[PDB]
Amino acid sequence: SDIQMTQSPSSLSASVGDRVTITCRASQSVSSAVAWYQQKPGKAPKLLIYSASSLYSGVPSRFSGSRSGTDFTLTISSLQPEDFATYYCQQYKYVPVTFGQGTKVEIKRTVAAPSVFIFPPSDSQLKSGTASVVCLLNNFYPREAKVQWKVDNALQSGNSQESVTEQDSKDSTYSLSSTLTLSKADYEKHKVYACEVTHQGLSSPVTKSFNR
């Protein structure tokens, strides 16, 4: 059966400067012959470490990994900006070469407040015949949050649809959105429409709204 190359941390935040550690374990004994790659999204991987000890030529010397036996670690000592990317654990001793789940790193900022607003569905949408009503959390930290939707004090049934940006470049702050797609047939069979946010920065949930 194929090998799996599962990394111990799935994602993680931590502090610009400190030491980061990704364990990766293979479903069997791939002696050595593990490889690591970073990928800022929108580009394609640079290569980081071959054979599990040797680091690639052209790489930050703050990199290297190792093997505890079947367990394969990757570690960075004093990171920097533009290292805010996902890290990929690869085994290449057998065919097929296996890859890693992924491991997302984010610059860890202090909890910014998610600046929540709301927007009625545009005029031209209502001429179409369906409504996309856009919520916009903006410029915050950390990733996790929850936007609960309502049509007259009853929650959504999956018509809502989330979509986030990554770590902002020079900000290390996120941004979220959630389109509630609902038929104009049903846009107007109600009055109340609510975007229920719950964040670290927002202990008691703030809920904005609109009736147009």
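Throughout, we count residues from 1 along the sequence that is shown.
Between 182 to 190 and 27 to 35, it is 182 to 190 that carries the larger average Cα temperature factor according to the deposited entry.
As recorded in the PDB entry, 140 to 148 is the stretch of 46 to 54 and 140 to 148 with the greater mean C-alpha temperature factor.
Placement of the Cα temperature factor of residue 114 within the chain: middle third of the modelled residues, per the deposited record. Per the PDB record, residue ranking by Cα B-factor puts residue 167 in the middle third of the chain. Among all modelled residues in its chain, residue 21 ranks in the lowest third by Cα B-factor. For residue 96, the recorded CA B-factor ranks within the lowest third of the chain. Only modelled residues enter the ranking. Ranked by Cα temperature factor within the chain, residue 86 sits in the middle third according to the deposited record.
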